[PDB]
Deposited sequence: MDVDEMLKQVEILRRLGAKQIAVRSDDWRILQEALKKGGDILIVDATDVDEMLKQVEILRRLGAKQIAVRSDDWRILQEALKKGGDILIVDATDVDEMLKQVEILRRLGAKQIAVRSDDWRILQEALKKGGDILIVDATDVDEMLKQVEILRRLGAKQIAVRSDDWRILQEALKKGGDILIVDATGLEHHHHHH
């Protein structure tokens, strides 16, 4: 969706978003995001993921993110030049373990994704850098963003396939807006 992603990135920039992330499986879509000024490129198969990280690295992308529920894959991504490691969280204790492991591998930017703000709060307490609210309902999203902010979160991302939710997240003060491509 080079056209439809370009649209959302441009509108979000006009609405005042300072950090826009684009997720896609096609490195050329991410390349188009990079040339458009997208801030974070999210690489959405392990060999294919590693090849995309190398391509984006050599294109000059400064913030390459990789998502996995397997810390071993995130470790491989870090060694090949990934910047932001996104821990896909569904159990609090497994999430806390992965954050510990990746920090000790030298990861300087660890993100945790969940639709449960309580998991995100546990990641915040543990030192997770970016909390990704996985949003389905606009009012639920708004309450989670406020809770995490008041609990001290300083980088809150919102991901949604609903454009209406991304717009409202930005209005509410969400720090990073994640566009699907």
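Inset, instruction - Provide the list of deposited-sequence positions lacking C-alpha coordinates, grouped into contiguous ranges. - result: Comparing the full sequence with the modelled residues, the uncovered ranges come out as 1, 46-47, 185-194.
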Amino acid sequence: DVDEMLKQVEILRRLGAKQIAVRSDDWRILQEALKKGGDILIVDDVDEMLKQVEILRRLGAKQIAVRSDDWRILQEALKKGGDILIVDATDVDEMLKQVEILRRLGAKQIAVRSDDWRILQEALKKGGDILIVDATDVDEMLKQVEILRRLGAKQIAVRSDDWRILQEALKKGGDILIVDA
From here on, numbers count along this sequence of modelled residues.
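Legend entry - Mean C-alpha B-factor comparison - 103-111 and 90-98, higher one: Mean CA B-factor is higher for 90-98.
Legend entry - Given 29-37 and 119-127, the range whose Cα B-factors average higher in the PDB entry: Higher mean C-alpha B-factor in the PDB entry: 29-37.
Inset, instruction - Could you check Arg67, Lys154, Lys143, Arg150 and tell me which one carries the biggest Cα B-factor in the deposited entry? - result: It is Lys154.
Legend entry - B-factor third for the C-alpha atom of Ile132 within its chain: Its C-alpha B-factor, which the entry lists for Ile132, ranks in the lowest third among residues of this chain.
Legend entry - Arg159, C-alpha B-factor rank within chain (lowest, middle or highest third): Lowest third of the chain for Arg159's C-alpha B-factor.
Legend entry - Assigned third (lowest, middle, highest) for the C-alpha B factor of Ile42: Bottom third by C-alpha B-factor.
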